[PDB]
>>> print(open('data.tsv').read())   # TSV, C-alpha atoms (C1' of nucleotides)
chain	number	residue	atom	x	y	z
A	1	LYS	CA	-66.66	-38.37	-56.22
A	2	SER	CA	-68.59	-41.35	-57.65
A	3	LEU	CA	-70.04	-44.72	-56.65
A	4	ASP	CA	-70.21	-43.39	-53.07
A	5	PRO	CA	-73.33	-44.36	-51.07
A	6	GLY	CA	-72.83	-41.36	-48.76
A	7	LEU	CA	-72.85	-38.64	-51.42
A	8	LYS	CA	-75.96	-36.72	-52.48
A	9	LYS	CA	-76.34	-35.36	-56.01
A	10	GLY	CA	-78.96	-32.76	-55.03
A	11	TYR	CA	-79.22	-29.32	-56.62
A	12	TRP	CA	-80.62	-27.05	-53.89
A	13	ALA	CA	-78.95	-26.21	-50.55
A	14	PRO	CA	-80.61	-28.37	-47.86
A	15	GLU	CA	-78.80	-27.51	-44.62
A	16	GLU	CA	-75.78	-26.54	-46.72
A	17	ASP	CA	-76.08	-22.83	-45.85
A	18	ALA	CA	-74.85	-23.91	-42.39
A	19	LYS	CA	-72.95	-27.17	-42.91
A	20	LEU	CA	-70.62	-25.63	-45.52
A	21	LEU	CA	-70.59	-21.97	-44.47
A	22	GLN	CA	-69.41	-22.89	-40.96
A	23	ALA	CA	-66.08	-23.84	-42.54
A	24	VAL	CA	-65.71	-20.18	-43.58
A	25	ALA	CA	-64.83	-19.17	-40.02
A	26	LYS	CA	-63.93	-22.61	-38.65
A	27	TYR	CA	-61.10	-23.38	-41.09
A	28	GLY	CA	-59.04	-21.46	-43.61
A	29	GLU	CA	-58.94	-21.87	-47.37
A	30	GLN	CA	-56.91	-25.09	-47.17
A	31	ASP	CA	-57.14	-28.74	-46.11
A	32	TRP	CA	-60.68	-29.34	-47.36
A	33	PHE	CA	-60.19	-32.98	-46.33
A	34	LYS	CA	-61.11	-31.99	-42.77
A	35	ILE	CA	-64.60	-30.64	-43.51
A	36	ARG	CA	-65.74	-33.62	-45.61
A	37	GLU	CA	-65.80	-35.75	-42.44
A	38	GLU	CA	-68.64	-33.71	-40.91
A	39	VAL	CA	-70.83	-32.66	-43.88
A	40	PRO	CA	-72.65	-35.71	-45.32
A	41	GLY	CA	-73.77	-35.91	-48.92
A	42	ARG	CA	-71.16	-33.38	-50.12
A	43	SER	CA	-67.79	-34.15	-51.71
A	44	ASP	CA	-64.61	-32.08	-51.62
A	45	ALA	CA	-64.26	-31.68	-55.39
A	46	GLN	CA	-67.62	-29.93	-55.75
A	47	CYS	CA	-67.33	-28.30	-52.32
A	48	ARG	CA	-64.23	-26.34	-53.32
A	49	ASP	CA	-65.79	-24.68	-56.37
A	50	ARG	CA	-69.12	-24.19	-54.57
A	51	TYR	CA	-67.45	-22.42	-51.63
A	52	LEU	CA	-65.43	-20.36	-54.10
A	53	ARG	CA	-68.19	-19.28	-56.49
A	54	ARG	CA	-70.83	-18.72	-53.78
A	55	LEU	CA	-68.96	-16.50	-51.29
A	56	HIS	CA	-66.78	-14.47	-53.67
A	57	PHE	CA	-67.16	-10.69	-53.52
A	58	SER	CA	-65.15	-8.97	-56.28
A	59	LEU	CA	-66.79	-10.08	-59.53
A	60	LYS	CA	-67.97	-8.20	-62.62
A	61	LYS	CA	-71.72	-8.63	-62.17
A	62	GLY	CA	-74.83	-6.56	-62.83
A	63	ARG	CA	-76.62	-5.23	-65.88
A	64	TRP	CA	-74.72	-4.51	-69.10
A	65	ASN	CA	-74.32	-0.73	-68.97
A	66	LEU	CA	-72.67	1.68	-71.41
A	67	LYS	CA	-69.42	1.54	-69.39
A	68	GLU	CA	-68.91	-2.23	-69.11
A	69	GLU	CA	-67.53	-2.75	-72.63
A	70	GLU	CA	-64.36	-0.83	-71.73
A	71	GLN	CA	-64.06	-3.08	-68.67
A	72	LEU	CA	-64.28	-6.13	-70.92
A	73	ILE	CA	-61.76	-4.62	-73.36
A	74	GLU	CA	-59.18	-3.87	-70.66
A	75	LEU	CA	-59.89	-7.37	-69.31
A	76	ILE	CA	-59.03	-9.10	-72.60
A	77	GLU	CA	-56.18	-6.57	-72.88
A	78	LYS	CA	-54.49	-7.62	-69.62
A	79	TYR	CA	-52.45	-10.53	-71.02
A	80	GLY	CA	-54.43	-12.00	-73.94
A	81	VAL	CA	-57.62	-13.92	-74.65
A	82	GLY	CA	-57.66	-15.09	-71.04
A	83	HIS	CA	-60.59	-17.50	-71.35
A	84	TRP	CA	-58.47	-20.59	-72.12
A	85	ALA	CA	-54.88	-19.42	-72.69
A	86	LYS	CA	-52.22	-20.21	-70.11
A	87	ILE	CA	-52.46	-16.59	-68.90
A	88	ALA	CA	-55.66	-17.79	-67.22
A	89	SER	CA	-53.39	-19.16	-64.48
A	90	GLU	CA	-52.43	-15.67	-63.23
A	91	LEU	CA	-55.65	-13.73	-63.91
A	92	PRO	CA	-56.96	-13.35	-60.33
A	93	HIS	CA	-60.07	-15.56	-60.02
A	94	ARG	CA	-61.07	-14.83	-63.64
A	95	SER	CA	-60.97	-18.50	-64.61
A	96	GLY	CA	-62.26	-19.66	-67.98
A	97	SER	CA	-65.15	-21.43	-66.25
A	98	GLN	CA	-66.87	-18.04	-65.82
B	1	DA	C1'	-94.05	-20.35	-78.16
B	2	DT	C1'	-87.05	-19.97	-76.83
B	3	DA	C1'	-81.87	-17.59	-76.68
B	4	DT	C1'	-78.28	-14.87	-73.44
B	5	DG	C1'	-76.40	-16.33	-69.75
B	6	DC	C1'	-75.50	-17.87	-64.58
B	7	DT	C1'	-75.06	-21.96	-61.59
B	8	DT	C1'	-72.50	-25.68	-61.03
B	9	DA	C1'	-72.41	-31.78	-61.08
B	10	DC	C1'	-68.88	-34.56	-62.87
B	11	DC	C1'	-64.68	-35.89	-66.05
B	12	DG	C1'	-59.37	-34.25	-66.75
B	13	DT	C1'	-53.93	-33.20	-65.45
B	14	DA	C1'	-49.76	-30.74	-62.64
B	15	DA	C1'	-46.82	-30.07	-58.40
B	16	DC	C1'	-46.31	-31.36	-53.46
B	17	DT	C1'	-46.46	-34.72	-49.33
B	18	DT	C1'	-45.78	-39.12	-46.13
B	19	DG	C1'	-43.68	-43.44	-45.76
B	20	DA	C1'	-40.88	-47.86	-47.33
B	21	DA	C1'	-36.92	-49.99	-50.31
B	22	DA	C1'	-32.46	-49.35	-52.19
B	23	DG	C1'	-28.13	-46.92	-52.06
B	24	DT	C1'	-23.45	-43.83	-50.16
B	25	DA	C1'	-19.86	-42.43	-48.18
B	26	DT	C1'	-18.25	-43.34	-41.82
B	27	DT	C1'	-16.23	-45.65	-38.06
B	28	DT	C1'	-15.26	-49.76	-35.12
B	29	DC	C1'	-14.34	-54.89	-34.52
B	30	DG	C1'	-11.42	-58.22	-35.90
B	31	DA	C1'	-7.89	-60.30	-39.07
B	32	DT	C1'	-3.44	-59.46	-41.13
B	33	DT	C1'	1.31	-57.55	-41.53
B	34	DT	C1'	5.59	-56.09	-39.41
B	35	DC	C1'	8.45	-54.36	-35.86
B	36	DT	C1'	11.31	-57.19	-31.72
B	37	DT	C1'	14.27	-60.95	-29.38
B	38	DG	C1'	16.37	-65.56	-28.89
B	39	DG	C1'	17.79	-69.80	-30.89
B	40	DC	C1'	18.98	-73.09	-34.83
B	41	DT	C1'	25.35	-74.75	-36.83
B	42	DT	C1'	30.78	-74.16	-37.77
B	43	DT	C1'	35.33	-74.06	-35.92
B	44	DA	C1'	39.14	-74.11	-32.87
B	45	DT	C1'	41.92	-75.74	-26.69
B	46	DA	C1'	40.29	-75.77	-22.44
B	47	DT	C1'	38.23	-79.35	-17.87
B	48	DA	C1'	35.73	-80.99	-13.39
B	49	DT	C1'	31.65	-82.61	-12.43
B	50	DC	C1'	27.65	-85.55	-12.65
B	51	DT	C1'	23.85	-88.60	-14.74
B	52	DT	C1'	23.47	-92.45	-17.74
B	53	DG	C1'	24.50	-97.20	-19.82
B	54	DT	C1'	26.71	-102.27	-19.00
B	55	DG	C1'	27.40	-104.56	-16.21
B	56	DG	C1'	26.13	-107.29	-12.63
B	57	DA	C1'	23.46	-109.19	-9.12
B	58	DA	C1'	18.95	-113.04	-8.58
B	59	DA	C1'	12.96	-113.51	-6.96
B	60	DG	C1'	9.89	-115.38	-9.40
B	61	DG	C1'	7.65	-118.80	-12.26
B	62	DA	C1'	6.36	-123.96	-14.40
B	63	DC	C1'	7.36	-128.59	-15.77
B	64	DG	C1'	9.59	-132.97	-15.05
B	65	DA	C1'	10.86	-137.44	-13.09
B	66	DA	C1'	10.86	-140.36	-9.28
B	67	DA	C1'	8.56	-141.68	-4.86
B	68	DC	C1'	4.43	-143.38	-2.37
B	69	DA	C1'	-0.16	-144.68	-1.66
B	70	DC	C1'	-2.94	-149.05	-1.98
B	71	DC	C1'	-3.78	-153.46	-3.81
B	72	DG	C1'	-3.60	-157.83	-7.16
B	73	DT	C1'	-0.99	-162.06	-7.66
B	74	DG	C1'	1.43	-166.05	-7.67
B	75	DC	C1'	5.39	-167.30	-5.60
B	76	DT	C1'	6.75	-169.80	-1.80
B	77	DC	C1'	5.35	-170.62	1.75
B	78	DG	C1'	0.71	-172.90	3.95
B	79	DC	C1'	-2.57	-176.39	5.23
B	80	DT	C1'	-6.59	-181.75	5.87
B	81	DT	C1'	-7.27	-186.25	4.21
B	82	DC	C1'	-6.68	-190.97	3.12
>>> encode(input="data.tsv", output="structure tokens")
Amino acid sequence: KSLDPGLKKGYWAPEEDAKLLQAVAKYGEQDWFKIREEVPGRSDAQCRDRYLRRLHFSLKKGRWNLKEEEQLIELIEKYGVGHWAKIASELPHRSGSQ
DNA sequence: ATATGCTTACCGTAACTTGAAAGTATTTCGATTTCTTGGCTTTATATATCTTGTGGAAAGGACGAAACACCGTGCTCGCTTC
């Protein structure tokens, strides 16, 4: 993921919306090593988290309404603090990064 | 004029995979051991035969002494010369 002349450190999505989203239907959620051979400028390490955080569906998003605080409470009430504790390993997709 | 907060590029460790080197109880080839089978000597009385030693023979070898070959020589025979 570094010192590579073929990688691109860009920020926007030039051609990515196709080059990376084709893997959605082309290949499953495993063996990312196969896709990196066709998409230039993109590495597997960043590709995994990009694919994950861009196409996910079930996430607590929207405006902070009068009913979201109970959601947060029952979230931190599942197993513990969650954000960094080891319980983060079983919280489904609620990693500390977010 | 700037903070809540999302997005996410790049800096970490944990369990699983693919292949090579070292390591573990298996079987077969080949060497080794041990089961045969016959001989190694010891005795006694018995004996006819048959191959081997102790005779003989003698072919196979050189070295020796006298004879013969010619040829010198003076004897014992010849001669010219005075």
>>> residues_near_point(input="data.tsv", point="(-52.4, -8.7, -71.5)", cutoff="12 Å", atoms="all atoms listed in the file", output="JSON list (two decimals) with C-alpha atoms, in the frame of the given file")
[["chain", "number", "residue", "atom", "x", "y", "z"],
["A", 73, "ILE", "CA", -61.76, -4.62, -73.36],
["A", 74, "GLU", "CA", -59.18, -3.87, -70.66],
["A", 75, "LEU", "CA", -59.89, -7.37, -69.31],
["A", 76, "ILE", "CA", -59.03, -9.10, -72.60],
["A", 77, "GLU", "CA", -56.18, -6.57, -72.88],
["A", 78, "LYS", "CA", -54.49, -7.62, -69.62],
["A", 79, "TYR", "CA", -52.45, -10.53, -71.02],
["A", 80, "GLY", "CA", -54.43, -12.00, -73.94],
["A", 81, "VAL", "CA", -57.62, -13.92, -74.65],
["A", 82, "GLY", "CA", -57.66, -15.09, -71.04],
["A", 85, "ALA", "CA", -54.88, -19.42, -72.69],
["A", 86, "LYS", "CA", -52.22, -20.21, -70.11],
["A", 87, "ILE", "CA", -52.46, -16.59, -68.90],
["A", 88, "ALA", "CA", -55.66, -17.79, -67.22],
["A", 90, "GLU", "CA", -52.43, -15.67, -63.23],
["A", 91, "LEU", "CA", -55.65, -13.73, -63.91]]
>>> atom_distance(input="data.tsv", atom1="atom CA of residue 18 of chain A", atom2="atom CA of residue 1 of chain A")
21.6 Å
>>> atom_distance(input="data.tsv", atom1="atom CA of residue 23 of chain A", atom2="atom CA of residue 56 of chain A")
14.6 Å
>>> interface_residues(input="data.tsv", of="chain A", to="chain B", cutoff="12 Å", atoms="only C-alpha atoms (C1' of nucleotides)", output="list in words")
residues 1, 2, 3, 7, 8, 9, 10, 11, 12, 42, 43, 45, 46, 47, 48, 49, 50, 51, 52, 53, 54, 61, 62, 63, 64, 97 and 98 of chain A
>>> atom_distance(input="data.tsv", atom1="atom CA of residue 89 of chain A", atom2="atom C1' of residue 13 of chain B")
14.1 Å
